[PDB]
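Number of protein chains: 2
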Amino acid sequence: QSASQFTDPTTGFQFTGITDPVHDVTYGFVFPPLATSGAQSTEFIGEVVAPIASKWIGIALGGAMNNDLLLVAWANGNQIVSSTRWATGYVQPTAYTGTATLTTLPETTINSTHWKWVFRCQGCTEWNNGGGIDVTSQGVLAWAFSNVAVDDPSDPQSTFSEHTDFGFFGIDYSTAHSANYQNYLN
Amino acid sequence: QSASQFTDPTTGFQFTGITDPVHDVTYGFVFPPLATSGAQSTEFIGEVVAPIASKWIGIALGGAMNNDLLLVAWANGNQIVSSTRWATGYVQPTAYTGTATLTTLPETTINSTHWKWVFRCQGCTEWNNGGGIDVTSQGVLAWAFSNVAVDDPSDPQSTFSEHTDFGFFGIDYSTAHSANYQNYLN
Ligand code: HEM
Ligand code: HEM
Ligand SMILES: *[C@@H]1O[C@H](CO)[C@@H](O[C@@H]2O[C@H](CO)[C@@H](O[C@@H]3O[C@H](CO)[C@@H](O)[C@H](O)[C@@H]3O)[C@H](O)[C@H]2NC(C)=O)[C@H](O)[C@H]1NC(C)=O
Ligand SMILES: *[C@@H]1O[C@H](CO)[C@@H](O[C@@H]2O[C@H](CO)[C@@H](O[C@@H]3O[C@H](CO)[C@@H](O)[C@H](O)[C@@H]3O)[C@H](O)[C@H]2NC(C)=O)[C@H](O)[C@H]1NC(C)=O
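Protein sequence lines, in the order shown, are assigned to chains A and B.
Each residue of the first sequence is one higher than the one before, counting from 1216 in the numbering used here.
Each residue of the second sequence is one higher than the one before, counting from 1216 in the numbering used here.
See below:
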């Protein structure tokens, strides 16, 4: 599948991403302005907009399950629980051992039909194995879905069962940068 | 997703299609030679190679659930049960009333781990609603998956529940024809 640009109707944030029509989960990404005289930033802002039957969602930032930074999140009541994780094989991803900061932004909403996680991901484009994403080029992102609750929803490091679906989408990161990035943070 | 050309390693048939990595079902299509002179053929050969946990599979020949010819099939023991269907709104597709003949070809194989349905679809590029597929152009195909058994597996017109997954792929019909099509038939 292929990402495209879209606007959050509540916030007006402008993202690049997709809506999976099966689970009707929206995934959106936006990056700071491209630098020419300095190295690129290592942070980005993203969103997951998920129907409440979505019990956990994961994002694979390198487009595959293994050896890339993963983001995992779920609703637990009126709060999002989230974590940065990693998998070396096809088994339970565990806490990421590098430096990465996931911040839930206040635009994050939970209501009766959907949870909407809006986050800041710092240190998420370069990983502690030397891998990462190139925000000036084209890449692939992937997502994981489950409709089964995590084993212990109040724990960010909870274990859980294999996703019931997963998918991919191509993204041209060179088009996903925004001059309004700073304002989104504010 | 995008289709590519591949060869069936047992039969040697050359198909254009994809493998869905979630349910590990392969969808392949091959068309008779394009005509330079006159109307195109209205038939094609296809295959579904599915793990036996796949309880029913559907193919949407127009790339959508509604207003296009649908093919539905499942394993019932050591036989494939299949039918042509049509959907009026997002409800249980019913028997197609147009001109289309679905034939199970002798290459069809069912074993302990997979069912491989190889079929001939005559009259399937033009539908009795006046719609159809343009075999000289680029189009979209879709598939539907369930891991739950149909309500009556011995009935080709069995009712069944909503698919648990569905997906799409782009296909360049202009490169999906084969000079060996007639040999596939004999
Ligand atoms: C206990 C939890 C997990 C288990 C046991 C697991 C298991 C697996 C297995 C067996 C596959 C191969 C499926 C196929 O190709 O047929 C797979 C693929 C995949 N998994 Fe997971 N997974 C889990 C958690 C996660 C999480 C949390 C994410 C994302 C944050 C994820 C993302 C992926 C992706 C995107 C793929 C497809 C691409 C690939 O083959 O690398 N998985 N997983
Ligand atoms: C009793 C059986 C069925 C029911 C109740 C049903 C229901 C639905 C529903 C509600 C959707 C919309 C999903 C969404 O976008 O979230 C849909 C989508 C779709 N269905 Fe079905 N379906 C059934 C059988 C089939 C069959 C047999 C096929 C193919 C042979 C099929 C192909 C598709 C496809 C391709 C889509 C996505 C594209 C589009 O929205 O038309 N469905 N179905
Ligand atoms: C619970 O959260 C969800 C997700 O944010 C809310 O649904 C979203 O609500 C917005 C605002 O109405 C929808 O945007 C609107 O879209 C329509 C259709 O094009 C357009 O006519 C409006 O002008 C506006 O742009 C958005 O589509 C919708 N998203 C989803 C996934 O449902 C929902 O409203 C929240 N529930 C409550 C009770 O507040
Ligand atoms: C039941 O039928 C399925 C589908 O035909 C069998 O799986 C298929 O087995 C063939 C081998 O005859 C595989 O082709 C081989 O692939 C390997 C690796 O790519 C290659 O080295 C060989 O030269 C040959 O091309 C094919 O990949 C495989 N397809 C799938 C979807 O698994 C299955 O083995 C049969 N089961 C039993 C118990 O007979």
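C-beta: ideal position from N, C-alpha, C; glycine also.
Can you round the beta-carbon distance between residue i and residue j to whole angstroms, since I take them to be within the 8 Å contact cut?
i                       : j       : result
B/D1366                 : B/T1374 : 5 Å
A/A1290                 : A/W1330 : 4 Å
A/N1343                 : A/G1313 : 3 Å
residue 1208 of chain B : B/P1247 : Outside the shown range of chain B (1216 to 1401) lies residue 1208 of chain B, about which nothing can therefore be said.
Can you tell which of the options has the C-alpha that lies nearest to the C-alpha of residue i?
i                       : options                               : result
A/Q1353                 : A/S1389, A/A1302 and A/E1322          : A/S1389
A/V1287                 : A/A1250, A/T1234 and A/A1364          : A/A1364
B/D1349                 : B/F1381, B/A1250, B/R1300 and B/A1310 : B/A1250
A/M1280                 : A/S1256, A/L1356 and A/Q1294          : A/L1356
B/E1258                 : B/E1341, B/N1362, B/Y1305 and B/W1358 : B/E1341
A/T1226                 : A/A1359, A/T1324 and A/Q1372          : A/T1324
B/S1256                 : B/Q1229, B/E1377 and B/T1351          : B/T1351
B/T1316                 : B/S1393, B/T1328, B/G1261 and B/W1358 : B/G1261
A/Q1307                 : A/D1223, A/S1376, A/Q1229 and A/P1224 : A/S1376
residue 1402 of chain A : A/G1292, A/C1336, A/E1322 and A/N1293 : Not covered by the structure: residue 1402 of chain A. The range shown for chain A is 1216 to 1401.
B/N1293                 : B/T1328, B/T1309 and B/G1338          : B/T1328
A/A1275                 : A/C1339, A/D1223 and A/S1393          : A/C1339
A/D1223                 : A/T1309, A/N1401 and A/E1322          : A/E1322
Report the partner residues of residue i according to the DSSP bridge assignment.
i       : result
A/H1392 : A/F1246
A/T1226 : Its beta-bridge partners do not exist; DSSP assigns none.
B/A1265 : B/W1330
A/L1285 : A/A1275 and A/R1300
B/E1341 : B/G1347
B/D1366 : B/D1366 pairs with nothing; no bridge assigned.
B/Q1220 : B/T1231
B/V1240 : B/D1235
A/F1360 : A/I1272 and A/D1380
B/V1355 : B/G1385
A/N1291 : A/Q1294
Compute the minimum distance between the beta carbon of residue i and the heavy atoms of ligand 3, and state whether it is under 8 Å.
i       : result
A/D1235 : no
If you measure between the beta carbons of residue i and residue j, is that distance less than 9 Å?
i       : j       : result
B/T1234 : B/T1241 : yes
B/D1283 : B/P1266 : no
A/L1320 : A/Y1396 : no
A/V1245 : A/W1332 : no
B/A1268 : B/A1391 : no
B/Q1216 : B/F1334 : no
A/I1295 : A/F1360 : no
A/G1277 : A/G1345 : no
B/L1285 : B/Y1305 : no
A/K1270 : A/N1326 : no
A/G1253 : A/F1221 : no
B/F1381 : A/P1368 : no
Hey, would you say the C-beta of residue i is under 8 Å away from at least one heavy atom of ligand 4?
i       : result
B/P1224 : yes
B/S1219 : no
B/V1264 : yes
B/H1238 : no
B/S1269 : no
B/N1326 : yes
B/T1241 : yes
Taking 8 Å as the cut-off, is the beta-carbon of residue i closer than that to any non-hydrogen atom of ligand 1?
i                       : result
A/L1285                 : yes
A/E1377                 : yes
B/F1244                 : no
B/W1289                 : no
B/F1381                 : no
residue 1169 of chain A : The structure shown does not extend to residue 1169 of chain A, since chain A is modelled only from 1216 through 1401, so no value can be given for it.
A/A1302                 : yes
A/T1374                 : yes
B/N1362                 : no
Is residue i near ligand 2 - that is, is its Cβ less than 8 Å away from at least one heavy atom of it?
i       : result
B/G1278 : yes
B/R1335 : no
B/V1306 : yes
B/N1344 : no
A/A1357 : no
B/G1292 : no
B/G1232 : no
A/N1395 : no
B/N1401 : no
A/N1281 : no
Let me check you understand the geometry: is the CB of residue i closer than 8 Å to at least one non-hydrogen atom of ligand 6?
i       : result
A/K1331 : This structure does not include ligand 6; its bound ligands are ligand 1, ligand 2, ligand 3 and ligand 4.
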